[PDB]
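Q: take these chains first, placed just as they are in the complex:
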Amino acid sequence: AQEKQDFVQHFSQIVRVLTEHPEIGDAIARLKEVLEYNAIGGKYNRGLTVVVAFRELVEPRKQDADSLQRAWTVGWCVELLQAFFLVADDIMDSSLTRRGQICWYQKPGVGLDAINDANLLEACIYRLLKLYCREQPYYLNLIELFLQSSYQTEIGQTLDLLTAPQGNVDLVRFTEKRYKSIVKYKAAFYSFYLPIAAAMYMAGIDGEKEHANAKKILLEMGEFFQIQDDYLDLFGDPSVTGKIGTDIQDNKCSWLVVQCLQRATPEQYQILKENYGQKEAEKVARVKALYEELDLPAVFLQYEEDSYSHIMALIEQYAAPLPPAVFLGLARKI
């Protein structure tokens, strides 16, 4: 709440910096159009964390107006990365809405031009890092952090699509081992490691063990956030979530289907086999009815309880020498 207006208000400086070649304005005009649609209307938790962690980890006397300017910019970089993956994930998952509005590629006049928009979002990350942090000692560390988070998330997307070929029956693919691999990579997308590591490096905290300890708390959290997202795909209210679910239709290796398969009788397996991964509303309804018969909502609620206590246990073990408050603020959103 306290850092937001100044985070959001920086957006105008972000757009100015790239724009200032009469040519290049047009492209930044479309970037501007794309961000105003695709990185405006979110809760900005990931971006804001860079600033919130900055202020926790750098002594107030070192928090001059230029270092804040760099911190706001890096938080927005985290928001650009997220938007990059989302613009493209929605095309690939054939999604309808995000954030309560029609997905960007579904907008008339956009379509598969949204492929380039996504790539432009990603390209603008590294330009802004260059323009704001190039003379800084942590510059390479931050480039490598963004590149590595992007790699991890990308491998995740690749395993997601590979396990979910359209038009095919294979629940055999949907194993607990397979899901644990996919989620490990997808968690990189949700983990607050990227913005908390960024602020750490900006604070001059670059030790490998301290990074590995934080990464470990934050990765387990990222995994919970992906399982919650899988749950909310079907059982979430779209007016709260802002998006229509597609996992059943898309033949996805969801947490829900993996839990179903572990608890299904042979006949229940046949209902799943005949109904999963198809577009017909009445077939999706059948899968949802089965999940409810198996008490999967109750199973999720219990998993959420168990997972919260574990993350808190990891914070108690792994936070030091960082302030536990770095981790606990984010955990408050579990």
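A: Arrived safely, thanks for sending. Numbers count the residues shown, from 1 in each chain, chains lettered A, B, ... in the order given.

Q: pretty sure residue A:125 is in contact with residue A:79, am I right?
A: No - if you go by C-beta atoms under 8 Å, residue A:125 and residue A:79 don't touch, sitting 9.5 Å apart. Every residue, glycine included, has its C-beta placed from N, CA and C.

Q: so residue A:161 is in which element?
A: Here residue A:161 is covered by helix A:139-162, with elements defined by DSSP states H and E.

Q: buried ones in the next helix or strand after that helix, by neighbour count?
A: Next helix or strand after helix A:139-162 toward the C-terminus (DSSP H and E): helix A:176-190. Within helix A:176-190, the residues scored as buried using 16 or more other C-beta atoms under 10 Å are A:178-179, A:182-190.

Q: same thing with stretch A:19-29?
A: For stretch A:19-29, by 16+ other C-beta under 10 Å, it's A:27-28.

Q: now what about that stretch, what contacts it?
A: Contacts with stretch A:19-29, where a contact means C-beta atoms under 8 Å, 6 or more residues apart in numbering, come from A:15, A:18, A:120.

Q: flag every buried residue along stretch A:141-150.
A: Quick answer for stretch A:141-150 (16+ other C-beta under 10 Å): A:141-143, A:145-146, A:149-150.

Q: closest to residue A:92 among those residues?
A: residue A:150 (16.2 Å; C-beta to C-beta).

Q: quick one, what contacts that closest one?
A: A:81, A:122.

Q: and of the contacts of stretch A:19-29, the nearest to residue A:4?
A: Set against residue A:4, the nearest of the contacts of stretch A:19-29 by C-beta to C-beta is residue A:15 (18.0 Å).

Q: still on that earlier bit, which one's more surrounded, residue A:125 and residue A:79?
A: Neighbour count, other C-beta atoms under 10 Å: between residue A:125 and residue A:79, residue A:79 has more, with 26 against 22.

Q: which residues touch residue A:143?
A: A:126, A:129.

Q: one more: the one 10 residues further on?
A: Shown in contact with residue A:153 (C-beta under 8 Å, 6+ apart): A:85, A:185-186, A:188-189.

Q: farthest pair within those?
A: A:85 and A:185 (11.8 Å).

Q: for chain A, which segments count as strands?
A: Secondary structure of chain A (DSSP state E): strands located at A:97-98, A:101-102.

Q: make TSV out of the ones you listed and add distance to residue A:52.
A: TSV is the format used below for the strands of chain A (distance: least, C-beta to C-beta, whole Å):
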stretch	distance to residue A:52
strand A:97-98	25
strand A:101-102	27
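
Q: tell me which of those sits most buried.
A: Between these, strand A:97-98 has the highest mean count of neighbours, a mean of 18, where neighbours are mean count of other C-beta atoms under 10 Å.

Q: tell me how far residue A:188 lies from residue A:147.
A: Noted for residue A:188: a distance of 12 Å to residue A:147, by C-beta to C-beta, to the nearest Å.

Q: same question but for residue A:48, I mixed them up
A: Taken as C-beta to C-beta, the span from residue A:48 to residue A:147 is 22 Å.

Q: is it true that residue A:146 touches residue A:128?
A: No - at 10.6 Å, residue A:146 and residue A:128 do not qualify as touching, with contact defined as C-beta under 8 Å.

Q: common neighbours of those two, please.
A: Joint contacts of residue A:146 and residue A:128 (C-beta under 8 Å, 6+ apart) are residue A:77.

Q: show me the contact partners of stretch A:252-261.
A: For stretch A:252-261, the surrounding residues in contact (C-beta under 8 Å, 6+ apart) are A:160, A:163-164, A:171, A:173-176, A:178-179, A:182-183, A:226-227, A:230-231, A:233-234, A:246-248, A:268-269, A:272, A:276, A:290-291, A:294, A:296, A:299.

Q: just the buried residues of these.
A: The neighbour count (16+ other C-beta under 10 Å) marks A:160, A:163-164, A:171, A:174, A:178-179, A:182-183, A:226-227, A:230-231, A:233-234, A:246-248, A:272, A:276, A:290-291, A:294, A:296, A:299 as buried among the contacts of stretch A:252-261.

Q: mind adding chain B? sequence follows:
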Amino acid sequence: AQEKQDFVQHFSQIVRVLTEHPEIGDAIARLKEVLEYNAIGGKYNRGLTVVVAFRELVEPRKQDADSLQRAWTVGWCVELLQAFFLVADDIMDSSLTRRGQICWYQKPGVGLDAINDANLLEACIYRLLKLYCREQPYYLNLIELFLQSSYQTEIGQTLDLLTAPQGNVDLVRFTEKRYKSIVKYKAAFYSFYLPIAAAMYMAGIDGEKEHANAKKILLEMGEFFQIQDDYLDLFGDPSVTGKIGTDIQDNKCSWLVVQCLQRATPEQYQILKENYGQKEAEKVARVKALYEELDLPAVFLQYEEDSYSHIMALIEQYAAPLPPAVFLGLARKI
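A: With chain B added, the chains above now look like this:
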């Protein structure tokens, strides 16, 4: 011819390095599938230039087997970047074939999953640079070079799509000023600056003026290569080019249409207006007939002659202190 087998043979080491987490092999297996389709069957001019320039610019006594290993790897990085842009450009331009085979996204079982494949290609650039060149003094310079070439090409793609909205008549957009902006950015894709700069940095040649001189020769060359590509879109034999042209159908600000507009009478402008940017075979035929009536092929031949002499003139002015042979080998392909 002389560096190729060892460039191509390194591909196997490239795939090994990324693969060596049982998980990650699957994703590199698909990268492998994607490259074997999408970065195998080309002339490899861009990738091979890194090596050819390496050997010209580093004294033989400094050309140990590990530095060559790094050079082969960086050349392949240039090939990954090119493939990234091509995989995505073909989806966006609704293309049918490339390199004489069906475009990757047109393959049954691929489709819009090709969006992720492209992103994976790009992600693999920076991983390989990290794995091979991380301890090297030129490491940051090379990351920034790839990031900057990618930015320039991306802005180009953005201006290309913006000037060519589907379903619309506007030849008014198709001005000589507009084309000169688009091509400046698109030239980054063709310019051999990226692989020649890479070898320069690897040779410890990092002076800004020497880079700016080379960039200037190489950019004018890149512009010619884009104009040739525009020409070949319609007047090329697909069996030589490997690809079916889509520029007329796609409503593109091509060199051909810009030259047409500069030479058309008012009635010829009406034929263009009624026929450009549409899918009907008979309408495209009408535009091609008009271009021929305006002697656009002769105009291209003369432009090619004029442009070759100019590039040679820039080499004479700007090559020193690099060996002119750096530039002349590439020019041999004009």
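
Q: go back to the contacts of residue A:143, now with chain B?
A: A:126, A:129, B:143 (C-beta atoms under 8 Å, 6 or more residues apart in numbering or on different chains).

Q: out of those residues, flag the one nearest to residue B:112.
A: Residue B:112 has its nearest neighbour among these in residue A:126, at 25.3 Å by C-beta to C-beta.

Q: what sits closest to that closest one if chain neighbours are left out?
A: Distances taken as C-beta to C-beta, 6 or more residues apart in numbering or on different chains put residue B:147 closest to residue A:126, at 4.7 Å, once the chain neighbours are dropped.

Q: for the stretch 151-300 of chain A, what spans make up the helices?
A: Shown for the stretch 151-300 of chain A, the helices assigned by DSSP state H, counting those that start in this stretch span residues A:176-190, A:193-202, A:208-235, A:238-241, A:255-263, A:266-275, A:281-293, A:296-318.

Q: is it possible to export those helices to JSON lines including distance to chain B?
A: Listed next are the helices of the stretch 151-300 of chain A as JSON lines, based on distance: least, C-beta to the nearest C-beta, whole Å:
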{"stretch": "helix A:176-190", "distance to chain B": "4"}
{"stretch": "helix A:193-202", "distance to chain B": "15"}
{"stretch": "helix A:208-235", "distance to chain B": "14"}
{"stretch": "helix A:238-241", "distance to chain B": "23"}
{"stretch": "helix A:255-263", "distance to chain B": "16"}
{"stretch": "helix A:266-275", "distance to chain B": "21"}
{"stretch": "helix A:281-293", "distance to chain B": "21"}
{"stretch": "helix A:296-318", "distance to chain B": "21"}
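
Q: report the contact partners of residue A:4.
A: By C-beta under 8 Å, 6+ apart, the contact list for residue A:4 reads A:44, A:48.

Q: what does residue A:51 give?
A: Residues near residue A:51 by C-beta under 8 Å, 6+ apart: A:3, A:6-7, A:68, A:71-72, A:75, A:199.

Q: if I look at the residue of the stretch 201-334 of chain A found nearest chain B, how far off is residue A:161?
A: Closest contact between the stretch 201-334 of chain A and chain B, by C-beta to the nearest C-beta, is at residue A:250 (11.6 Å). Distance from residue A:250 to residue A:161, counting by C-beta to C-beta: 10 Å.

Q: number of residues surrounding residue A:243?
A: Neighbour count of residue A:243, defined by other C-beta atoms under 10 Å in any protein chain shown: 20.

Q: picking that back up, quick check: the two most widely separated of the contacts of residue A:51?
A: Farthest pair in those (C-beta to C-beta) is A:6 and A:199. Separation: 15.5 Å.

Q: burial of the nearest residue to residue A:88 once chain neighbours are set aside, as a residue count?
A: Setting aside the residues directly before and after it, residue A:88 is nearest to residue A:118 in space (C-beta to C-beta, 6+ apart), at 4.5 Å. Neighbour count for residue A:118, taken as other C-beta under 10 Å: 26.

Q: check contacts around residue A:118.
A: So residue A:118 contacts A:83-84, A:87-88 (C-beta under 8 Å, 6+ apart).

Q: and if we set it to 7 Å?
A: Shown in contact with residue A:118 (C-beta atoms under 7 Å, 6 or more residues apart in numbering or on different chains): A:84, A:87-88.

Q: can I get those residues in a markdown table with neighbour count?
A: Formatted as a markdown table, those follow (neighbours: other C-beta atoms under 10 Å in any protein chain shown):
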| residue | neighbour count |
| --- | --- |
| A:84 | 24 |
| A:87 | 28 |
| A:88 | 24 |
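
Q: so which of those residues is the closest to chain B?
A: Ranked by distance to chain B (C-beta to the nearest C-beta), the contacts of residue A:118 are led by residue A:88 at 5.4 Å.

Q: tell me how many other residues crowd residue A:165.
A: The number of residues packed near residue A:165 is 13, by other C-beta under 10 Å.

Q: correct me, but residue A:288 touches residue A:234?
A: Yes - applying C-beta atoms under 7 Å as the test, residue A:288 and residue A:234 come out as touching, 6.0 Å apart.
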